[PDB]
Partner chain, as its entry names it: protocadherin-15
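Below you'll find only one chain, the form deposited without its partner chain, shown as structure tokens.
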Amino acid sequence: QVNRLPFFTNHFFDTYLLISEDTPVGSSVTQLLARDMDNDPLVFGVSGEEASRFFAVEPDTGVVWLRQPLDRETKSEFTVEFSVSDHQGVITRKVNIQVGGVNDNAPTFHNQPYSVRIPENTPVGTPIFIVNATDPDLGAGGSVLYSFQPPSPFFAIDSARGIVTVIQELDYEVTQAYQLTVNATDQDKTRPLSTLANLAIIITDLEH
């Protein structure tokens, strides 16, 4: 007769819950399970402004949906309060949700547009420009690899550091401006992503 309050029976409450950041919105991520000694019909929910922004809960079935895209690069851990109610009380428990990473970012260049003026007598070996692309993904998918695409016979860019170096004698009267495109890619062994950036190398000859 005196009501007994519901309690959760999911094990994840003791451990945690992992959701991949590429889980599309609408996907069910789990289903809350609760027990009630009175066998009252229960209603489920999620509490908290944040938790409620990213997660929705089916009140009768306790199925937990993904309401907003998860983005590990922005927030990688949630503590969410789930609620269960027999209509006489509301009981609450927090679970930790780790958002798993995916290579979902192309490298992104900084300090564009890229242009450099250099004299034609610039010696082979001279570093003339630093290119910089960042990639916020974890592991190989956030580790960037520079290259010229297509390759240049006059210039080389260091794969690790993005330092563009002159590798062959320049000749103003042949070429007075090169239009190279650099390719930054991450190194996800299976599904890499990549971005292109133009580099203007313009040659000068003051001693006509």
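Each form is matched to the other, and the largest set of C-alpha atoms that superpose within 1.5 Å is called the rigid core. Residue numbers count along the first chain shown, from 1.
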query: Average Cα temperature factor in the PDB entry - higher stretch of 44-52, 26-34; finding: 44-52
query: Between 165-173 and 64-72 (mean CA B-factor, as deposited), the higher; finding: 165-173
query: Options 20, 9, 190, 15 - largest CA temperature factor per the record; finding: 190
query: Where the record places residue 135 (Cα B-factor, split into thirds across the chain); finding: middle
query: Relative C-alpha B-factor of residue 124, binned into the chain's lowest, middle or highest third; finding: highest
query: B-factor third for the C-alpha atom of residue 92 within its chain; finding: middle
query: For residue 112, the third of its chain into which the C-alpha B factor falls; finding: highest
query: Residue 1 CA temperature factor, ranked by third within the chain; finding: middle
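There is also a form solved in complex with its partner chain; it is not shown, and the following applies to it.
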| property | result |
| --- | --- |
| Contact test in the entry with it bound: residue 191 vs its partner chain, heavy atoms, 4.5 Å | no |
| Contact test in the entry with it bound: residue 160 vs its partner chain, heavy atoms, 4.5 Å | yes |
| Residue 145, heavy atom within 4.5 angstroms of its partner chain in the entry with it bound | yes |
| Non-hydrogen atom contact residue 18 with its partner chain in the entry with it bound at 4.5 angstroms | yes |
| Sole residue of 167, 140, 63, 177 within 4.5 Å of its partner chain in the entry with it bound, by heavy atom | 140 |
| Of 121, 134, 126, 76, the one that lies within 4.5 Å of its partner chain in the entry with it bound (heavy atoms) | 76 |
| Heavy atom contact within 4.5 Å of its partner chain in the entry with it bound, the stretch among 168-176, 152-160, 55-63, 23-31 | 152-160 |
| Members of 29-58 lying within 4.5 angstroms of its partner chain, judged by heavy atom, in the entry with it bound | none |
| Residue showing a 2 Å-or-more C-alpha displacement between the shown form and the other one once the rigid core is overlaid, selected from 177, 167, 163, 37 | 37 |
| Flag for residue 75, CA shift 2 Å or larger between the shown form and the other one after aligning core | no |
| Core-aligned CA displacement of residue 96 at least 2 Å between the shown form and the other one | no |
